[PDB]
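No Cβ is skipped: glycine too gets one built from the backbone with ideal geometry, and neighbour counts run over all protein chains shown. What follows draws every value from the coordinates through simple rules; no lab data is involved.
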Protein chains: 4
Amino acid sequence: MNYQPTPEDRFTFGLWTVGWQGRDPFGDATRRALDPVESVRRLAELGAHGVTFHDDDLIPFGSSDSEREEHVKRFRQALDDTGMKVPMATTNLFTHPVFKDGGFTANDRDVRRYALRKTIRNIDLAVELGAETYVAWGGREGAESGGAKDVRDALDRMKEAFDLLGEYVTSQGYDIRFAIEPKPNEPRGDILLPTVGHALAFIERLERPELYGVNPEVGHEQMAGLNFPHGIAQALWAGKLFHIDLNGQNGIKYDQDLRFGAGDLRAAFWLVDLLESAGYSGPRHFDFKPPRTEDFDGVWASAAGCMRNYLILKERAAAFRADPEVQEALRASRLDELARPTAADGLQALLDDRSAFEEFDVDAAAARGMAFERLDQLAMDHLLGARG
Amino acid sequence: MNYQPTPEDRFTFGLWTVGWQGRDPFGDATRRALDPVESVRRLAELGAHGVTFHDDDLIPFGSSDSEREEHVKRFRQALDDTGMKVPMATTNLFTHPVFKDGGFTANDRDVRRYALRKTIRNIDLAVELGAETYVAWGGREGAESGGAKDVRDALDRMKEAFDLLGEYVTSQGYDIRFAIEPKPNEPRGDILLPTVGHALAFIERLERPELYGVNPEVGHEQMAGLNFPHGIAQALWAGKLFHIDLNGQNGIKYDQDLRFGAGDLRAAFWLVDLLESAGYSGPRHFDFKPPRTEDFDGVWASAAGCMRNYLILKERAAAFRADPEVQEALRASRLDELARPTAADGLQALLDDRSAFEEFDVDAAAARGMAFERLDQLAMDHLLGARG
Amino acid sequence: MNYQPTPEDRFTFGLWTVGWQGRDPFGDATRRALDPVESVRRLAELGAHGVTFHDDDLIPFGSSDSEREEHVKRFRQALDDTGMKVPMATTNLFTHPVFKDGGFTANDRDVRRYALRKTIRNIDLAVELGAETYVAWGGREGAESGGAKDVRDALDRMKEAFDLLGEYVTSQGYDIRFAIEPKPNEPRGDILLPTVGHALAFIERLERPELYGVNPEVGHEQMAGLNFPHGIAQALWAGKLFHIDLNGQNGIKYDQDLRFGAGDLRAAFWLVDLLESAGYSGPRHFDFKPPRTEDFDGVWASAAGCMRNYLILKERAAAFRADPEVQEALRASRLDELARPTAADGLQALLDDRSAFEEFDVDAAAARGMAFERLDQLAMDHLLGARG
Amino acid sequence: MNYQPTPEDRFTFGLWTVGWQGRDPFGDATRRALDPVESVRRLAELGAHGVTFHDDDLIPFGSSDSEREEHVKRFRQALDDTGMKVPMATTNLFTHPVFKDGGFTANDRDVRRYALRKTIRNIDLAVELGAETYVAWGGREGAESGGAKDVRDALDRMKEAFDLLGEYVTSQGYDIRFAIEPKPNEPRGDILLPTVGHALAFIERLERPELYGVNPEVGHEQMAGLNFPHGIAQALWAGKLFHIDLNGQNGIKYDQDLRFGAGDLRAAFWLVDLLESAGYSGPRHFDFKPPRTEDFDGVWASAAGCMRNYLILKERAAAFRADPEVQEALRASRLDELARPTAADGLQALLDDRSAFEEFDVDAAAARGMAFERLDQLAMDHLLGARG
Ligand SMILES: OC[C@@H](O)[C@H](O)[C@@H](O)CO
Ligand SMILES: OC[C@@H](O)[C@H](O)[C@@H](O)CO
Ligand SMILES: OC[C@@H](O)[C@H](O)[C@@H](O)CO
Ligand SMILES: OC[C@@H](O)[C@H](O)[C@@H](O)CO
Ligand SMILES: [Mg+2]
Ligand SMILES: [Mg+2]
Ligand SMILES: [Mg+2]
Ligand SMILES: [Mg+2]
Ligand SMILES: [Mg+2]
Ligand SMILES: [Mg+2]
Ligand SMILES: [Mg+2]
Ligand SMILES: [Mg+2]
């Protein structure tokens, strides 16, 4: 009937999301800045579980150690007052002009050293605040032109950076894991580690791969026209889905950061189905921007709608999977056979099995329908709640 | 002045490329079939090093063991007559209706067993013909709808298939490596292992990863709007570029398979620069389709142009890298600094280095220009041969 | 509760849709051909209003005048037996190799003359069968390369063709209008008149513009990443929406021709809302392809689902527009003000109105929220039937 | 050999291009603001013909009539000192928060009235400064969500606005024409009049269509994956190319505004070929952004490169068209036949011509090759200056 979030639903929001002032490449801010304390409060009242932050969202850049301390304690007090948690944190290595060519892979060596020190400083803070995941979105790592960046050297520098962060964390005894967030472009012409697959592959080259996973974002993979639930299944299959950023995107264009549920709705349905089915237990984090058309009432409406749409899709996906008619259609489409080993009998028995080749009736096989269209219309009926 | 290929340039072509009859989703064949023997001949005269094949290009489907033998010997004779080599081969697991839901990840278990046997049969043949690389393009592995395919189960099946192929090859003592060819879509709505990064990550989960690399294709990565030279640098960095398919593509749309050099020309320039710089020593294979507007004279013209454009770009990229003014611009943009370790002095010295944070002049750093636009115009002048 | 189509709903299907055999650029047919008579029958039983055809779907190419006549009479008999209508027809100017460079804008003048005669022949037939709309999809009008086609000369040839067709129709006294179907690419690299807007503009240059409108297709505009309901509003605004092709498409890639409702579901919702609101009274034609994974049972399931999804969306859009809370949100977002003239008082009164500039409070204006996010979540709740 | 621009080449630049400070959606300004007077100067020294402006680039928003006057006279003095012209001007209706939902089609009626008054004020100024073209880019006219904007009502409002501007200009006796600049998205989710074709069609509905043309932009049409030279040929064919914005774009993604020549290089070649061939005589205006990686030396380098690349492409396109071998290839591909009327003999003679149908040899026609691949490689050789 209705769909109210509880903190048990693990919904979390970045300070920068509801706090986005509405500045875009062609326009000035349309909303005033939000005090972090005020956001914690408002989010708590909406049913959220926690918030996340960039170092610079919380502690304004160039802050004295003194001012730093005051900012953290007011924040901490808001968290104690509301019961809100801080499950993830990250570093802003993209806004300040010093990062115009990147942080960890900037051509200037002194900038790469500064980016590491800025990062290390905020990992200590995140650990204090209790975060369990440290996200890294290398927004400025990339190029607008081919000669500007040797990508093998840049990958060496990127691995060097993450390996040093891993050494730091292990030597401190910290219980925190890293999650690399890929994005194919924007604000660089091309960004390094453009998709979930590139980040997964990169991780396997690190000195301690087990400390690193991915933080995929709905809109990022869709900016490359990729199927996000598929990319998430691959990350789940690799054991690397450490966090996830949820939002909406209408296709291949600039990253819109629409509220979750907006953009590609069927994709959202299949994503919720997979997360709930796979038992994903991390935060459901919304990395989104209330449109600049909105005032603050529209900001909290947008934030509420993220949660609402997740909870509606979860109910429709559970209804779909629990429907006996759907379970029969799944067997009719042979999903059960997909889950069985192709050749548990082993290579030699396969080579020896004439039914697998010499005597296989390929024409009868080809004639069998997969029945996928009836299955997909049942999924559609369930999503629309039209199961007459 | 001019640009004639020699077999030393390692240019190779699939039988299916120049042999494409011009059938597309809206139209009938516009050219008659080509005899493989005739293609070997014509390609040899154009300066090509070798050819490649799908099992079904060479031996028509459903061929008796008898007919099989005759097809192979005529082919072999053409190769002896011309000096042409066969460096790579692959399996057609996409054309026959039995593969409509996939080969290795078809939901029907008996189809997956047949796909493995069909593959194993052609690996023996490729080894006989001397191929060093066996390519696998899983064109039908994927879905048009979310419920049709559990992607974790499909990845299990895909790993199972490649692991069995690796066991086969090792138990036979064969000297051949596999190269997985990613593609994001077409002819399935979404294909599994959609990009070079997804294939790289997948490989690391196989039982013997060292037997497997990638075969990226220019147009495939551009169908996801990705930067192909970047994806190739990542594959080179991982030690996994085992083969490469060259062609041209105009952006995000159906896969056009234009001749190499057509489509995104600057991308082609940066790709040739990287392959020649990195010392890539594999075949330069053209996987392309002469447009259906063409007769056979236009087919060989198209094939010649692939080679011609590679050789022109190689000369311009070598001229660019050898130009002292470009080498100065590279230092001005700090490419040399990119190649130096960020922190060879180690974590503790970095943490102890006040010049990396406490005393770093971020405002002076931010003010330094990267000089990338002057570097890129030198690259452009060289490509256009306008170095006045 | 449930959603059965009646012939009053004006649902129509091309013979080529349910009759698609499953041939794609990488694969053989997976279904046997369908007899047109059988399709008419099956569609009638599903609740369809009528069917459409290319000349070549009905009368196989190169048919004697004799065979032609027999094909038409069996068809006609099926229509009499079922009550099915034929509201639209079109010409196949894309499949035969003679059309490889186009029909009306082929470089060869004799091919352009043949394309006109082939077209004229089928207009007489369509008129006999009672069609009210003749569609023209110039699938082969275009180029893969810049020098192959002078586009100003091609536009001259295209206008020449349509002007001659208009002269023909007027001199025969026929009551039929033409509808130009744009598509941005596929099967040519770029097709002429790539979007609804280009076709609208072209029409205004014809000798009798009033005889011509557009036949936009859902998937075609989405292949250019465009908003289809917006393009349809522009066509409605121009008085030119003469027919519409419905299907589903997942973003910018090859044209998938998914059943209607699949692909971008929210877009489908906003399209149905606009058609029903604007009083569009033409056929709701499905130009789609049952996936090649399917057997014939899946074909009719796919066809039924097209109708079902339209009828479900129509109910949700009517519920949305009839909801008093939505009507209040529309006024809160000032949709009512959008419909009022900006300056009914005229230019001089506007120039004289100090409240429009000298004394306009721009800061108070900027501060007003548009309230669009709350409106969009009401639309979402209605679509999902979650109006608790 | 080398390629120096002269003011006779009609190269022009917006104040906002070289003056872009480097603010993007994720980052702060990296360059200090430029004084307009300084830009005029620097551009003059580079060989530019003139500059253009938004009202707000020249006169800071909220300026007293007094300050206004001083800004204009310093500007005017710079123009007198350098000989620079001001051929085009436009209005900023996108930056100030008051325009967050649009200018001419904002839902708030008072905002639409203010947008017209702001525009009228700057047309008087542009006319004083001698501009011949007034550009209108409706950057904020559009929506992020379907219910936010009734597009038929918005088109009514947009027509109302342009009709009032036309009445104003005619009643003042001003010699100035308007040029509508389409863009498919960014910064709105979808923008109204998304492509050259939609703007062309819209214009035909205005009260005095002859006062309005288009200002297409390279990167804008490529953001929809469209062929820009094709769109320009259609605009030329309609007599509506009144101005053009040149830059570079790498495919379908955020609008990059790269210098001209960057992005799709072959497209740039075919565009220059068409403009020079068609005798386009308007300004060659660069609407581009020097990358934020650059300091001011890189800004002027980027600006110089725009001009340089145009002049190099113009030389290669003229060489291509003047090459007797290319003129023979054009006849071999039947470009000459494309330019001949299909049926100058008229409808009745066509219907009576048995050679056009009854006796047309379709099989011999189909067999003729179009020879486009050889033609395209000649175009490629010329572009690369490899005409051995
Ligand atoms: O595209 C922007 C990215 O989504 C960031 O918001 C990261 O999630 C956090 O730095
Ligand atoms: O898109 C098609 C693929 O490129 C294939 O040609 C593989 O390279 C070989 O099966
Ligand atoms: O993309 C193919 C087109 O949609 C055609 O089906 C036309 O509608 C009819 O020729
Ligand atoms: O995408 C931004 C547009 O190109 C503008 O620069 C217009 O040309 C001028 O307002
Ligand atoms: Mg984002
Ligand atoms: Mg994110
Ligand atoms: Mg391909
Ligand atoms: Mg290939
Ligand atoms: Mg289609
Ligand atoms: Mg259609
Ligand atoms: Mg732009
Ligand atoms: Mg512009």
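Using only DSSP helix segments of four residues or longer, with each worth -39500 (n - 2.57), what per-residue ellipticity at 222 nm results for chain A after dividing by its residue count and rounding to 500?
Rounded to the nearest 500, the figure is -14500 deg cm²/dmol.
So what's the net charge close to D:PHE202: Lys and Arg +1, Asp and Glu -1, counting the other residues with Cβ under 13 Å from its Cβ?
Spelling it out: positives minus negatives among the neighbours equals -2.
What percent does the relative contact order of segment C:233-388 come to when contacts are Cα pairs within less than 8 Å and at least six residues apart?
This gives 21 percent for segment C:233-388.
Quick one: which of D:13-25, A:67-79 comes out on top by average Cβ neighbours within 10 Å, and what's the full order, highest first?
In decreasing order of mean packing, D:13-25, A:67-79 become D:13-25, A:67-79.
Among C:175-185, C:28-38, how do they line up by average Cβ neighbours within 10 Å per residue, starting with the highest?
Taking the mean over residues of other Cβ atoms within 10 Å, the ranking is C:175-185, C:28-38.
Kindly express, to the nearest 10 degrees and within the range 0 to 90, the angle between helix B:36-46's C-alpha long axis and the longest C-alpha principal axis of chain B.
In chain B, helix B:36-46 runs at an angle near 40 degrees to the longest axis.
What are the equivalent ellipsoid semi-axes of segment B:1-139, built from the alpha-carbon gyration tensor (square roots of five times its eigenvalues), in whole angstrom, biggest first?
Numbers: eigenvalues 151, 66, 45 Å².
With the √(5λ) rule applied to segment B:1-139, the semi-axes are 27, 18, 15 Å.
How would segment D:200-300 be classified by its alpha-carbon gyration tensor: rounded, prolate or oblate, with rounded meaning a/c under 1.5 and the a/b versus b/c comparison settling the rest?
Numbers: a/c = 1.87, a/b = 1.81, b/c = 1.04.
Because a/c hits 1.5 or more and a/b exceeds b/c, segment D:200-300 counts as prolate.
Would you mind giving the mean number of other chain beta-carbons within 10 Å of the Cβ of each residue in C:229-236, as a whole number? Before the final figure, lay out the partial values.
Numbers: counts 3, 13, 5, 2, 8, 11, 1, 3.
Across C:229-236, the average partner-chain Cβ count within 10 Å equals 6.
Partner chain Cβ atoms within 10 Å, averaged over the residues of D:345-355 - can you pull that number for me?
Across D:345-355, the average partner-chain Cβ count within 10 Å equals 3.
Once the label point is set 7 Å along the Cα-to-beta-carbon vector, what list of distances in nm do you get between D:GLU45 and its counterparts in the other copies?
Label point to label point, same position, other copies: 5.9, 6.1, 8.3 nm.
Summarise the long-distance tail of P(r) for chain C by giving the % of C-alpha pairs beyond 31 Å. Before the final figure, lay out the partial values.
Values: 32250 of 75078 pairs.
Beyond 31 Å sits 43 percent of the P(r) for chain C.
How far is helix D:109-128 tilted off the main Cα axis of chain D, in degrees rounded to 10, range 0 to 90?
80
Under 8 Å for C-alpha pairs, at least 6 residues apart: give me the relative contact order for chain A, rounded to a whole percent.
14
Relative to the other copies, what are the label-point distances for B:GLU8, with labels 7 Å from Cα along the C-beta vector, expressed in nm at one decimal and sorted shortest first?
4.8, 7.5, 8.2
Measuring from the axis that superposes chain C on chain B, report the chain C residue with the minimal C-beta distance, rounded to whole Å.
Closest Cβ to the C-to-B rotation axis, residue and whole-Å distance: C:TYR254, 2.
Could you tell me whether the protein assembly as shown comes out rounded, prolate or oblate from its Cα gyration tensor? Rule is a ≥ b ≥ c as square roots of the eigenvalues, rounded for a/c under 1.5, then prolate if a/b exceeds b/c, otherwise oblate.
rounded
Does segment A:108-232 classify as rounded, prolate or oblate by the C-alpha gyration tensor (a ≥ b ≥ c root eigenvalues; a/c under 1.5 gives rounded; else a/b over b/c gives prolate, otherwise oblate)?
Oblate, because a/c is 1.5 or more while a/b does not exceed b/c.
How far apart are the D:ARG321 label points across copies, placing each 7 Å from Cα toward Cβ, in nm, shortest first?
For D:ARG321, the inter-copy label distances come out at 3.8, 5.2, 6.4 nm.
Compute the distance from the alpha-carbon center of segment C:96-135 to that of segment D:29-60, in whole Å.
Cα centroid to Cα centroid, the span is 55 Å.
Is there a pair in B:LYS314/C:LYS100; A:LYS149/C:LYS253; C:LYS314/D:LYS159; A:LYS183/B:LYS118 whose C-alpha atoms are over 32 Å apart, and which pairs would that be?
Flagged as over cut-off: B:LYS314/C:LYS100; A:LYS183/B:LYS118.
Provide a whole-number value for the mean count of partner chain Cβ atoms within 10 Å of the Cβ atoms in peptide D:298-310.
Details: counts 9, 2, 2, 8, 5, 1, 3, 7, 1, 0, 6, 5, 0.
Mean shielding by partner chains, rounded to a whole number: 4.
Going by average Cβ density within 10 Å per residue, which order do the peptides A:134-143, B:281-290, C:289-298 take, highest to lowest?
Top of the packing list down: A:134-143, B:281-290, C:289-298.
Helix B:151-172 versus the longest principal axis of chain B: what angle, 0 to 90°, nearest 10, using Cα atoms?
70
Need one number for segment C:179-220: average projected area of the convex hull over its C-alpha atoms, nm².
For segment C:179-220, the mean projected area of the Cα convex hull comes to 2.9 nm².
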